[PDB]
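The chain below stands alone and is given in structure tokens; this is the form deposited in one PDB entry.
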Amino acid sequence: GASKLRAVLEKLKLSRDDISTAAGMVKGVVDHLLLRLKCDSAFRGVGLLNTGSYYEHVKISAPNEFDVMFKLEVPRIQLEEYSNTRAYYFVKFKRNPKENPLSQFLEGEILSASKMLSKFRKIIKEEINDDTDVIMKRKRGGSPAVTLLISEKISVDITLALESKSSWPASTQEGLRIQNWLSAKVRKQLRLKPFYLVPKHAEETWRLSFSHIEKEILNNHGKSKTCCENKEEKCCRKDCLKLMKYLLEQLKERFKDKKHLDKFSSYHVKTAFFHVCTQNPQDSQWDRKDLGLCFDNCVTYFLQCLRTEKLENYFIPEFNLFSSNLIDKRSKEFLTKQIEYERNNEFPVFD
């Protein structure tokens, strides 16, 4: 049935909702950094993505790991697609006052991410010590750009994002195919919202970031406008996504000593999930009574994605998250066997 799945969801819920001093420490540090950053010539317009977002948790199993985004608005941005990759871009400028705030990171016409991250980090690294023990790490880098450690238990990833309030880039034109589930008029409202760019390479390239659209969908996710508001209309969409996320996290934990699962992340799980939401648009296909079957649909579909090596980005249709140049055949084959073993054994990572 669903009894074991429900107990896992309850355990995860109680440790999320449990009273904790962690959010208070995170806010104190974040507000510290933002007052310092706003005084610099380059970052005077920096601010938190969401107010009330001192507590975004990418890892559903680790309530002490926090994800925060700092945004900077770039008016009249010029995007140049990098190397037909559809999702990666150079950032240039229209330069109305050619001494725009980010002029100091220009290299020719192209905005240097690594230079901008350099000053961002250095400014945070000096402000860190001038209350609590805050330590940072220069490891990996990219996005998350800056990782802080509050006390011993609590970690905070800080990602710097550029914000543009112009129309989404053309690679997204045929994406976000929610018309038969959330409706065409909601797709239009969503695509009027700004988009974000975060640093990453496949050089000085940036990629589109849609976490804010994901959050909007998840908070208003039914075909019915009253889905999950009360009574006879309680669905299991959010629970299926939580269980998918926890499955991958537990598997990456179990096999961290091997390297094969290193490239997989919640992006792959979230993307496959929203594809199943498109496949199954009716709220009656997500009945709370059917949690077991619905989670199994999600698992089946994800496994189908691994075997065919095809997982189309939910926002950029021509971008295959599972292309062999991104994740090789042997790694997808390894995750396939591990998930099939979980499924055929009433999921032992949920013990």
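Rigid core: the largest C-alpha set superposing within 1.5 Å between the two forms. Heads up: residue numbers just count along the shown sequence, starting at 1.
What follows is about the form deposited in another entry, which we do not show.
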Core-fitted Cα difference of 2 Å or more between the shown form and the other one, single residue among 324, 308, 282, 50: 50
So, does residue 108 move by 2 Å or more at the CA between the shown form and the other one, with the core held fixed? no
Taking the rigid core as the frame, does residue 338 move its C-alpha by 2 Å or more between the shown form and the other one? no
If we fit on the core, is the Cα of residue 84 displaced 2 Å or more between the shown form and the other one? no
Do residue 243 and residue 16 have their C-alpha atoms closer or farther apart in the other entry than here, with the shift being 3 angstroms or more? farther
Knowing the Cα distance between residue 165 and residue 143 changes 3 Å or more in the other entry, does it shrink or grow relative to here? farther
